[PDB]
């Protein structure tokens, strides 16, 4: 299953549309959790950013500890304990600004081996750039970078086609040029 864990500090009114467009572009059912925060880990005071690798490990631990949330009713509890990362993929939508060791920042990150991914609207929001709110733009961006990260969870790498969801954006302008679209090469792999 695919679970959108929407940190409620991100405007929860955007939750449902993001969930529905993620589901359409992935062509897969996506369940929405948007009634709670996910306190982040691995904060770096000099950077003023959070280590996304640590958050992702914490996310796996949370899933394993929370059968009552993520385990399908028809799934044995012991099977879930061993295999939750194969079956219940999670995308965390967090307000925190993210980095990884090799990068000044990231819009998101995936840990394919543990079936967990993360996207941060912190640099996707118009407001980060001193521009007025634009809910549709923010939905567009989260969907595109969210489907990207989730694609990784299914084994896809970065794509060369700049309009494809799997393309890796260097900046916000490149991200906005991506379309809600998996190219031919990527759809075959994703299937």
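Positions refer to the first chain, counted from 1.
Higher mean CA B-factor, judged across 80 to 88 and 115 to 123 from the recorded values: 80 to 88. Looking at mean Cα B-factors across 40 to 48 and 125 to 133, the upper value is held by 40 to 48. When the C-alpha B-factors of 164, 55, 28, 138 are read from the PDB record, the largest value belongs to 28.
When the CA B factors of the chain's modelled residues are split into thirds, the value for residue 66 lands in the middle one. In the PDB entry, residue 73 places in the highest third of its chain by CA B-factor. Sorting the modelled residues of the chain by their CA temperature factor places residue 24 in the middle third.
Residue 157 sits in the middle third of its chain by CA B factor, as recorded in the PDB entry.
Among the modelled residues of its chain, residue 102 has a C-alpha B-factor that falls in the highest third according to the deposited record.
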